[PDB]
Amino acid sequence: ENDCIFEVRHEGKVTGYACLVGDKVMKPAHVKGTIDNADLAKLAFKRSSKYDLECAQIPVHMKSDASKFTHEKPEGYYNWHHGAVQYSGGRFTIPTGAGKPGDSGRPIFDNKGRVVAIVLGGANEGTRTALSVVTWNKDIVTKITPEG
């Protein structure tokens, strides 16, 4: 279920990942290069003026490839490319050394395959890396749409 993750490439090297989630193509703003997909490379991205993120509207023909997301993040273990991610005290952590070059933009999933966060970075805390992420909290309740 990684029809929603696309490599970003600069000088023929993977610098990071773009992710189809909800109705957006999301990519960390610091990740240099262009997305390894014709359709996505053409898009105009809007860079957040607060957060290390840029997003473009998903092409409607690729909506079925987008992953679902959720703000529901109960404490416990989550999934990513390199194995288990612990969520505890409002922080995602991994074993130090589980990380690899090019992890910026990789999503973290629950067992239903919903994206709960996107990895931007990390910092060492002893035998663990604390991931720097973007995530969705209860405050997404403010982004309402009127229907009817």
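Numbers for residues come from their place in the sequence shown, where the first is 1.
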{"property": "Between 32-40 and 63-71 (mean CA B-factor, as deposited), the higher", "result": "32-40"}
{"property": "Stretch with the greater mean C-alpha B-factor as recorded in the entry, comparing 116-124 against 46-54", "result": "46-54"}
{"property": "Lowest, middle or highest third - CA B-factor, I144", "result": "middle"}
{"property": "CA B-factor ranking of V14, expressed as a third of its chain", "result": "highest"}
